[PDB]
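Going by the authors' numbering, 28 is the number at position 28 of the sequence shown; the sequence numbering is gapless.
Note that the Cβ used here is the ideal one computed from N, Cα and C, for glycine as well.
Only one structure is covered here, and it is reproduced in the block below.
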Amino acid sequence: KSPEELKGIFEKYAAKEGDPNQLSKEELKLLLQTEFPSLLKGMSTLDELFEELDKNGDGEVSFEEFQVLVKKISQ
């Protein structure tokens, strides 16, 4: 899906507990088990991608890397 929609869902989870502009790890887990839980058939690609996004040295998915990820998902 286009990043414009991603923000709308992203901020809903982000503005819950941790950083209002970044997806806390535990909130990621909630978003994950909502849209793409079993649909990815347990492929590590979801985890390997997110785990490379927090390679800034953080426990929350930063807004930019989240949006740029879905930019490259079309490639």
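Provide the residue(s) that pair with residue 68 in DSSP beta bridges, ordered along the chain.
The partner list for residue 68 (beta bridge, DSSP) is empty, contrary to what the question assumes.
Please report the straight-line C-alpha distance between residue 59 and residue 28, rounded to a whole angstrom.
10 Å
Could you work out which residue in 6, 69, 37, 11 is closest to residue 52 when comparing CA atoms only?
69
By Cβ distance below 7 Å, which residues in the same chain neighbour residue 30 in space, the five residues on each side in sequence not counted?
13
Residue ranges of each alpha helix (DSSP H) within the segment 5-56, 4 or longer
25-35, 45-53
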